[PDB]
Every structure is written in structure tokens, then in C-alpha cells.
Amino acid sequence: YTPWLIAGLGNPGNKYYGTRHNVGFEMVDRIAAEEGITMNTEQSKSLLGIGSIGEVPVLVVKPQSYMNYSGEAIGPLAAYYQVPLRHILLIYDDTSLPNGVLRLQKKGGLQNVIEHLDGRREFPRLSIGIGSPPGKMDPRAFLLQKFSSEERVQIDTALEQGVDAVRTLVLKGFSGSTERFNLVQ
């Protein structure tokens, strides 16, 4: 019955759609699509929507900036709706995990450096692995690439599973997510 704010990181520009570094947007779009939440409110270029997962009320947000998502979008909304920090889930692409690999973590480089810059370890977080830039590709290009066919199959799987994970977390907490999703227990 305590609400969650679920935010996915990315960029609303058209060129970013379906690219590696935008996968958190895809995830929140799936969540909202699957949970019946309409995201038709804009704050600048950020998109939001309110609905619920089961009886739990949830606000889903796609902040327009990678750099300042907290301050811009998440913080003010969470405040208004009085969402505890522990119920602000961030979802984003993680170059530190292989493509498609999901990881749900409670609160507490490059990935690591970035995380440490933005304070993301203070929230529960769903990482969607995208792997790291090969050989020595321009990181800019790498992040902008669209998944290859083989990679997309893995990412589809992750998006499918991700919805369920998030639904679980919201409905049964970390403990329920553990129970349901961890092989090793």
C-alpha cells in the first residue's frame, strides 16, 4: 500500500529509441504497458504516469536527462507523493553486466565511476546488462548502437522478465523477489 516511483534512465530523442544506452526507457514503457499505466504527462521532455501494480500505487517516470535525473524529475515527484527513498526504483543499462543480464539490487567504472558520481547506490536499482564497448569502439557509438538481432533476443527476454521482477518487488518486496527469482537460496 506504500507507493513506488519507478524511473527508467535514457533520453527521449528519437535517435535514442532502441539503442543500448536507452534500455531503461524500454523497460518502463513495458512496465507501464503491462500494468495498464498511462504515461501521458510531460514535464519538459520527461514522461510520467500514475497507476498501480496490484493495489500498489506507482508513479512511472522517464526522466529526460541522464545527468540530472534525480533533481529534475525524481526528487520533486517523490517529494510531492511522499515516496520513500526505499521505494524509488531506478532502472538503467549497465555496461558492467553482459547483454540482457538482469540484476535487482537494494540500496548500497566506468559503470562504477558513474554510479558513484550520481549517487545511484542509495536507491534500489534494476540493472539491464549491455556489456562493454568492444575493442576500442567510440563509446559514443557504442551507446548509440541498436542491439544486433542476437542481442535483441536477449534484451526482449530481459524486458519480459524485468516486468515481472518489478511487479514482484512492488508486491512482495526484496524478499519475495529473492524467493521467486534466485536459483541459489
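In this text, residue numbers run from 1 along the sequence as written.
- According to the entry, the deposited sequence places 4 to 9 unmodelled residues between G108 and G109.
- Here the stretch with the larger average CA B-factor, out of 51-59 and 28-36, is 51-59.
- A summary of the deposited B-factors shows that, of 151-159 and 37-45, the stretch with the larger mean C-alpha value is 37-45.
- Within the listed group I91, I74, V101, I114, the record reports its top CA B-factor for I74.
- For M137, the recorded CA temperature factor ranks within the highest third of the chain's modelled residues.
- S175: CA B factor in the highest third of modelled residues in this chain (values from the PDB entry).
- The PDB entry assigns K15 a C-alpha temperature factor belonging to the highest third of its chain's modelled residues.
- When the modelled residues of the chain are ordered by their C-alpha B factor, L126 lands in the lowest third.
- Per the deposited record, the Cα B-factor of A78 falls in the middle third when ranked against the other modelled residues of its chain.
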